[PDB]
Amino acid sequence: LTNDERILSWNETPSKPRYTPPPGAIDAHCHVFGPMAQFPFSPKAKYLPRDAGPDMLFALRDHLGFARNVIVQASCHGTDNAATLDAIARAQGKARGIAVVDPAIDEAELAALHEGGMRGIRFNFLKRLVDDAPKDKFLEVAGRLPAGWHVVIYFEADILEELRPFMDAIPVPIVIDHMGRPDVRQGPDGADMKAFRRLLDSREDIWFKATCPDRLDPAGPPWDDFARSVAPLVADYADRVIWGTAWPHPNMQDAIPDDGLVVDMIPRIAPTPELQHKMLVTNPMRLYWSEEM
């Protein structure tokens, strides 16, 4: 199934960001897709993306001015982490990863994923992406992970309440993708942000990605609602926040973001050198390269 027939969801000639990330900056949420010929997609995949391999990822990384990446297993590859693992290997020390695993995965396989640069697993509660999300089995496997791993959790705001018991029971630290998709139109003190802050206030070891204005702010760039709603969250939880591009933007074909503009959101949500250093360097290093910290 030929590449130019599959779904393009990224800008092939992104603008240069006006903002220059600091030395050592980490794009802590990105993906590779395939290449399909070497790494086929999962039968459970709900989208069939165009190839977005390691060389494309590193070209994008370099174009935007990032030093390192956390390469997150994409749902189009299911529980086969091979493409992600190859991308991490090809990064020559400049990447770590997040895996998606069968909840029955054995400890030997988990150790091998660790050796291959994985530092956590992802639980995806979006039905449009993954049919099944067995909370019982997720809780089980979350307690069998290699030392120093965390879980990454992706959900929509309308199920945050229902997930509070599950997240409270998770025995390792938690990273929340895209803040659990709050409606940034509401403002920084709106309903979704208040609910999200209740979650953050329940456990000290819940971190979040301050990410994806393209996904959350339907007005489009400059995404003023995202900027105004998210900046206070970054400022109030400065030691618990990380950031990523979300390139190559799975499922964003209807509103393909310009990565230059995506990166230019950073100094809006993190206006000071202090917040930029924490969000882009210190915090993701603590989660993903703890041995260097």
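Throughout, we count residues from 1 along the sequence that is shown.
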| query | finding |
| --- | --- |
| Of 22-30 and 233-241, the one with larger mean CA B-factor | 233-241 |
| 74-82 versus 166-174 - greater average Cα B-factor per the deposited record | 166-174 |
| Options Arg128, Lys94, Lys209, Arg185 - largest CA temperature factor per the record | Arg128 |
| Which of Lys137, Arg215, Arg122, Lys194 ranks first by CA B-factor in the deposited coordinates | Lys137 |
| Chain-relative CA temperature factor third for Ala45 | highest |
| B-factor third for the C-alpha atom of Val263 within its chain | lowest |
| Ranked C-alpha temperature factor of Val152 among modelled chain residues, by third | middle |
| Position of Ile98 among the chain's modelled residues by C-alpha B-factor, lowest, middle or highest third | lowest |
| Third of chain Cα B-factors occupied by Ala59 | lowest |
